[PDB]
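Overview (structure and organization)
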Amino acid sequence: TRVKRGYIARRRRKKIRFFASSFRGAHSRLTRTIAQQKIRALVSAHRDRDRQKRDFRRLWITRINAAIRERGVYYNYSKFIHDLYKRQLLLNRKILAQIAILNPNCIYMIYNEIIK
Amino acid sequence: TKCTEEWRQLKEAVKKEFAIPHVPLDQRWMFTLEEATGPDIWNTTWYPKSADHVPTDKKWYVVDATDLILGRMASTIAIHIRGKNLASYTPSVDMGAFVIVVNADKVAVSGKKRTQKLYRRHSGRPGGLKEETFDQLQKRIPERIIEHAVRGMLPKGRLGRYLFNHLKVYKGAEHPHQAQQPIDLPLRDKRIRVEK
Amino acid sequence: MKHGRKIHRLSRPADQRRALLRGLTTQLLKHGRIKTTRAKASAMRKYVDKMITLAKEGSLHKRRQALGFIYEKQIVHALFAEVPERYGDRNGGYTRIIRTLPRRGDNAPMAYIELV
Amino acid sequence: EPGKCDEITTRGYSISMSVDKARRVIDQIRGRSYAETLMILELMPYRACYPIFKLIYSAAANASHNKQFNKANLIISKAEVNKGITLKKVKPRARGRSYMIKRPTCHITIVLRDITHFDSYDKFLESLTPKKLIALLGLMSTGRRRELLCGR
Amino acid sequence: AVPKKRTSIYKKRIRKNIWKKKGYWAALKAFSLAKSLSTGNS
RNA sequence: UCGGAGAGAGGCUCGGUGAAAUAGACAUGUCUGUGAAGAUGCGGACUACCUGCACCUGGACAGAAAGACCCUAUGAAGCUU
RNA sequence: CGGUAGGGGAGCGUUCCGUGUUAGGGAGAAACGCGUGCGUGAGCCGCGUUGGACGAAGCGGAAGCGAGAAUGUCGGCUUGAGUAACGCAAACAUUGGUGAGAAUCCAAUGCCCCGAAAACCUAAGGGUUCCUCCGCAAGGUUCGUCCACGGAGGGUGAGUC
RNA sequence: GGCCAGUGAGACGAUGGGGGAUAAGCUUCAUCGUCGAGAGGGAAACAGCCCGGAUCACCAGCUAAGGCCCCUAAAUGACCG
RNA sequence: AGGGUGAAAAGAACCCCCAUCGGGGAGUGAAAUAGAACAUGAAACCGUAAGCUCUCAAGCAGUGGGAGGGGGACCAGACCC
C-alpha cells in the first residue's frame, strides 16, 4: 500500500500563503519563507494586543493632561485624578479623554464643580 | 483630446458632487452627538481627520528670547510645536502650532557655558571634527544655537523633520511674519527669565 | 592623450593602414565610385586629393611619385592624360561622401565615395 | 464585451530570439499607428525587428483580408513577448569542467485594434453629463466608455 | 569576485528597464530618419 | 634615482551570439556604545533625493576545499626492533 | 493551567480493504484553483467556474501515512547579466554574381602570409567524412544562399604496388 | 514497590574558604538565588542584577520594582539644607 | 532518460501574410480556451492589463493604531484592496 502524498501538502501551504498575501517582496510568494514569516506576524499580533491596552491608556492620559492644564495656571493631571477620587467619581480615562475631545464644555463643567 | 477631456471633466465634477453628499464633517467647538450618527466616534478613541488639522488653520506664536534661558524656553517651544499644548493631541500627526523666535543672539545661559560649551559637527572625514564654543559660534551664526537646541528636543524620525520646519529663528528683533498675526507664547516656569 | 593629433587609424597598424588606403585609392580611381564604411571613406580624402593634385603637374618625377603609390600602372596612366582636362577648373576637393544605411551583419556605418 | 470585434490576435510563435532582446523592440511599439510602426521597424538597427516586422505586416494583412477594415485606421493595442521552449547545448571550458549555453526562444503575440469601429457610439456621447437617455431600460453604452463605470 | 546574495527581483527589473530605454532611444532616432528619407537630401 | 613617450592585443562604445563560480530572505549608511567579549540588522547620535556607467578593492569574520597544524577516537594504514 | 530534554492523555488527516457492483455522479465525480461558514487545532463544510469520470459518509480495519532543514536526492526554473568571453598580433580590400536576405557563399582583380611548411605522398587510426543534386529546424562560439551538418543517389577495378 | 525516561559539558551573583598575584567574564569545593527551561516591567541597548511567575478575551481599574524639564507615561510639586 | 489528440485521422480541401517556418479565416469534430510542442495542467520563474501608492529617505520588512484614495450588475455604522 504505497501512499503518495500529493493533495495534503499545498492544500495547507495555500492557507499558509493566504495570510501572507499582503506582504512585500519575497515574503509573499516563497513557500518556506512564507512559513517562516507567518509565524512572526502572528507573534507580533499577539504581542501588540497587550501593548495596545497600555498604550491607548497612555494616550488618553496625555489627552486629559493637555485638556486640564488649560484651566488654572497651577492645575495638573496628577492632582485632577486624586480630586476625582476625593469626591468618589468612577469615570475611567477613556470617557474622560474622549469627552475632552468631543465636548470640552463637559470637561469645563466637571472641572467647575469638582473644586468647590 | 479636447472633446474627451472636457467630457471627462464634466463627469469627474458630477461624481465628485455625488459623494460630497453622502456624510458630513464638522470642525471643533461642537456637541457630543449630532445628526451624523454614522460609525462610532464615541467608544472608539478619537483620531484626527485631515479636514481638521490643515496648515493654514494652525496657530502661531512669537518668543522674544532676550535675557532668557536657552533650555527652558526650548522645552516649551518643543511642546507647542508638538501639540501637547492641545487637548486634541495625537502622536502620529502634527496638530501643533508654529513658533517664531527673535533676538536669538541675545539668549542667555547659566554657569560658565558661554566659554566651556562646545558645539561639534564632524564633516564625515578621517580628520574633520570641527568644534567651536557657544559665544564664538554666536558671533558668527546665532540662529543655530536656538535651532539646534530645539531640534534636539523634537522627536527624531520622518515627522521630526517635517515639524522642525515650523520653527523660525532670527538674528534681530524685527520679523517678517506680520501677516499671520502671531500671538505671544505662554510660559510655564519660574526659572525661565534670568535673575536680572 | 590625442590632443592635436590628426591621423585616421582605420583600426589597424601602419603595415595595413597604408595597404588599405593604397588599395582603396586604386579601386576608387579605377571604378569611380565605391561603397565602404564612413571611416574608411573619410580617411581616404587626403590620398585621392593628393594624387589628383599630383596629376596636375604631369612630369617624369610626379608620375613616379604617383606610381610608387597606386600599384597598378595602367590606372595612373589614365590619370595625367585625363585629369587636367576634366579637373583643370577645379581647385582642390575632388571627392564626395554620400552616406547610406548600415551594413547588415555588424551594424557597421556605411558610405559611398566617388570622384566629384 | 467592451471590444471583442476591435482586434485580431495574430500570434506568430517559436521565433528563435531571446525574450529580452525582443522586449527591447516591442516595448516601443505598444500603442502606435501601424503605418508609423512599419517605418520604424525597417530603419531600426536590430536583428530583433525582422521577425517582428513580418508579424506586424502579416497581422495587418490578416486584418484587412479576414475582418475587412482599413490599415490606416488600426493601432497595436497589446504587444506581448513570452518565454518559449529552451534548448541546452553543453559546451566545454578550461580544465575539464563543462557549462551549458542555452538557445532561447520566444512566443510573440500582437493584438491590433481599429480606432473608429465604436466611434459612432463614442462621438454620440459628446452629449454632456446629466443626460441618462433611458430608451431600452439602459441600452448600448457598450463601446469603451473609458473614463468611468460609476453605474450604482 | 563573487556575489553574496541574489538581486532576486525588482532591482533586476530596474536594471533591465534602462537597457530597454536604450532601445527606445534608438527607435526615436530611426523614426527621425524616415522623414529625412522622404524628400530632398542633395 | 624618476619617471616619460609611442606601436600592437585587450579594456571603452555600437551591432550579433552569449557563459560562470555564488545566492536563508534581503527595503544591504558613518560614528561611538552594546552583545557569544570585532554589528547594514540592537541603543544613542550623526550623515544622507532616486537611478545608471566607468574606474578602485577596505569590509560583507567575501568565494573556493565538513583544517592538511593542534588534539580527540580503546579509528585506518605504512615503516622499525 | 510558563516551560527545553523528557513522560502521560485526547484527537485530525493520507491511501488502500470490509460494509458496497450503496447514493451521489456527462442536468458534471476525482482533481485544480477561491470562500464576509464552522473548530482549541490538525482539519471540516457549502460554493459555481476550469475539468472530464469516478466515487461520500457512518461504523470498523491496515499501513511504502503527514516534511523546511540531512554541503539530502531527482526534476524544473532563477540570480550573477544582456555582463565575461567569441581560441594568437598572417590581412585583408574592392567590383560583379547568386538570393527573400551576403563583412562571412562563388567569380575576378589587387594586397598580404606560409614554403625542412601552413607543400605533395605514404604507415597507424578513423570508418563513408570522398563525389553529385537538394535542404537549412538543430550542429558551426556571429551570419550563412555555405559545410567534415541533414536528406537522396553514386564512388575504391591489380599476375608485377 | 511495579512499568518506563532524560540527565551525567553547566553558567553567573551573594556568602564561607582553598589555588592564583587575597589578578581574571580565571579555577575548585561548600551553602542559597536566577538563568538554564521564564515571557512581562525597571536597568539607554544588556542570559545570569531588581520586581514579578505569561490558561484566554476587555479601546476598564489598583499597584511592585523604578520614576514625574523635552525626546518619552506621570509635580517646570512643596519646605529645609 | 524519454508513456496518455480523438469515439473515429474526420490530422485541417480552399483563401489571405508568404522563399520557408509558422500564423489568421474556412472546413471537420461533442470540444481545436482537443491542432500534432496536441488529455487534467499546481508552484517557482517570465510577462501584459487595471485600482491605489513611493524620488529627505534609515529599512528581518511585519505588527497595533490608521490619514487620503479606490470597490462588488446585490441600497452595510458591514466587508475587501
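Cut-offs applied
- Residues numbered from 1 in each chain as written, not as in the entry; some residues may be left out.
- Chains lettered and ligands numbered in written order.
- Part of a larger assembly, values for the part shown.
- Heavy atoms only, no water.
- Residues with missing side-chain atoms left out of burial classes, pairs and counts.
- Contact = heavy atoms within 4.5 Å.
- Helix = DSSP H or I, 4+ residues; strand = E, 2+ residues; numbered from the N terminus.
- Nonpolar A, V, L, I, M, F, W, Y, C, P; charged D, E, K, R; others polar.
- 1 Å grid on protein atoms, 1.4 Å probe; cavity = no way out; pocket = protein on both sides within 12 Å on 5 of 7 lines; lining within 4 Å.
- Points joined across faces, edges and corners; volume = space filled by probe spheres on them.
- Pairing = 2+ DSSP bridges.
- Axes fitted to C-alpha atoms, helices over the stretch in contact; angles between N-to-C directions.
- Near = heavy atom within 4 Å.
- Polar contact = N/O pair within 3.5 Å; in protein donor to acceptor, adjacent residues only side chain to side chain.

With that settled, the discussion passes to the interface of chain A and chain B. At the junction of the two partners, chain A supplies 16 residues and chain B supplies 20 residues. Among the elements of the structure, α2 (31-68) and α4 (93-102) of chain A are those that each provide at least two residues to the side of chain A that touches chain B. Of all the elements, α2 of chain A adds the most residues to the side of chain A that touches chain B, at seven residues. In the side of chain A that touches chain B, the residues fall into nine nonpolar, three polar and four charged.

All names here are of chain A. Quantified by volume, the largest cavity comes out at close to 40 Å³. Lining the largest cavity, in full, are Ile-64, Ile-81, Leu-84, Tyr-85, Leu-89, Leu-91, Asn-92, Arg-93 and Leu-96. Broken down by secondary-structure element, the contributors of at least two residues to the lining of the largest cavity are α3 (77-86) and α4. For the lining of the largest cavity, the class distribution of residues is seven nonpolar, one polar and one charged. Here the second largest cavity is characterised by a volume of approximately 30 Å³.

For the rest of this paragraph, the subject is the sheet that holds strand β2 (residues 95-99) of chain C. Residue and element names in this part refer to chain C. If you trace the three strands from one edge of the open sheet to the other, you get β1-β3-β2, paired in antiparallel fashion. On the outer flanks of this sheet lie β1 (33-37) and β2, each paired with one strand and no other. Adjacent strand axes in the sheet meet at a mean angle of 30 degrees when their direction is disregarded. In terms of strand pairing, β1 meets strand β3 (residues 110-115) through five bridges, oriented antiparallel. Among the inter-strand pairings, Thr-37 is bridged to a residue of β3, identified as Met-110.

We now examine the protein's contact with RNA strand I. Within the structure, RNA strand I sits among 47 residues, and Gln-37, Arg-40 and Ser-44 of chain A together with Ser-14 and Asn-66 of chain D are positioned closest to it. Counting only atoms of RNA strand I within 4 Å of the protein, the fraction found in sugar and phosphate groups is 81%. In the model, a phosphate oxygen of RNA strand I is placed 3.1 Å from a nitrogen or oxygen of the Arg-161 of chain B side chain. Within the side chain of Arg-23 of chain D, one N or O atom sits 2.8 Å away from a sugar or linking oxygen of RNA strand I. Of all the elements in the fold, those that place two or more residues in the surface near RNA strand I are α1 (10-20) and α2 of chain A, α6 (158-162) of chain B, β1 (8-10), β2 (13-15), α3 (49-65) and β3 (75-83) of chain D together with α1 (11-37) of chain E. For the surface near RNA strand I, the element with the most residues is α2 of chain A, which contributes eight residues. Across the surface near RNA strand I, the residue classes break down as 16 nonpolar, 14 polar and 17 charged.

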